[PDB]
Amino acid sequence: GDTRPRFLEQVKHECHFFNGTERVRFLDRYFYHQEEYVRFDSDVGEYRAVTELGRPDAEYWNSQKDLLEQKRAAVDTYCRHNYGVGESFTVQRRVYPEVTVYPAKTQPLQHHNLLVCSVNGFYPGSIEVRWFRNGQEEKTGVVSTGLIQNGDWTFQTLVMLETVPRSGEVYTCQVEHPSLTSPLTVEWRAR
């Protein structure tokens, strides 16, 4: 119903952390709608225009010698500071995956099926999910959602295996995750 034009300003104060806080990169970024127009990159050490829209800000801000000395210290006063504050519940956050395995379809053996490995509730995002048939890795016929961020400091991923289940077979889903000291495996005996 609205008849009216919208205008959006964004700002992103980014702290990028490498090997702990050994190397830190501070990036102050300014955006008009989705267009970055000017930034301070600690690697560069002054404001730079990202687009021509940016130039009056970059020239004017780069004339303010105390604004520069302050932005130049931010890796320490802002980035390293905030890392110390949140480290214990962000960096150190680890939540086990829950692993469920089921056939996508209920049906007799000797028919094509998808075996679902649902891996849920885990943190952080890095994970490896592998499929095995009678102890041998299945590298073909694997369909993954990839990583789903749930927005509540947990992730999930569904890794499906294409197969024709036969009477002898045992299928194992194996998960590796920073929360786990050794790999977590769940079996499905062809039913």
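Quick note: we count residues from 1 along the sequence shown, nothing fancier.
- For the two regions 49-57 and 146-154, the entry's Cα B-factors average higher over 49-57.
- For the segment pair 155-163 and 36-44, the entry gives 36-44 the higher mean B-factor, averaged over Cα atoms.
- Per the deposited record, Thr21 carries the highest C-alpha B-factor of all listed residues (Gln10, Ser179, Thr21, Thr172).
- Sort the chain's modelled residues by C-alpha temperature factor and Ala73 lands in the highest third, per the entry.
- Annotation for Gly135: CA B-factor lies in the highest third of the chain's modelled residues.
- Ranked by C-alpha B-factor against the other modelled residues of its chain, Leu67 falls in the highest third.
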